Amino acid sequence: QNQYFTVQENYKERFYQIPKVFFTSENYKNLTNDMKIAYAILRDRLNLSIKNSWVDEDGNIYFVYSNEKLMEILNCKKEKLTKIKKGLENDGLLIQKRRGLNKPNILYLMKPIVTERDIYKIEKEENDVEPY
């Protein structure tokens, strides 16, 4: 029969999205699971950035969160936050622009890179049907 839309189902169907290229592309072999998870969590945060009007002249969405707020968002400690930021920045997934005074740094989450090998690999896995 025609079933209702439940609030339980609605919240079970909320997720953090990690790009598949993080598990196929060998250009992201250095990323740890914590980095992958963090990237996804920050990706989900982009929504709040827009509501906070954190958009520059070019239309790029960024973050103006303090280290303590980031630690709360990523549910991690200072040393882990530092390691995560460096890992993502190292792979061009995050850009940092330190501000003067004691102001929180400006963070720009970036989109991943995709090569032909990644496409090939991703397709092969998504079409890995059982042999008839």
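Heads up: residue numbers just count along the shown sequence, starting at 1.
*Averaging only over Cα atoms, indicate whether 31 to 39 or 54 to 62 has the higher B-factor in the PDB entry.*
Per the PDB entry, the higher value belongs to 54 to 62.
*Report the stretch with the higher mean CA temperature factor, choosing between 11 to 19 and 117 to 125 on the basis of the entry.*
Result of the comparison: 117 to 125.
*Quick one: classify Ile73 as lowest, middle or highest third of the chain based on its Cα B-factor.*
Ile73: CA B-factor falls in the middle third of its chain.
*Consider only the C-alpha atoms of the modelled residues in this chain, order them by B-factor as the entry records it, and name the third containing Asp44: lowest, middle or highest.*
Its C-alpha B-factor belongs to the lowest third of this chain's values.
*Could you say whether, by C-alpha temperature factor, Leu101 belongs to the lowest, middle or highest third of its chain?*
Top third by C-alpha B-factor.
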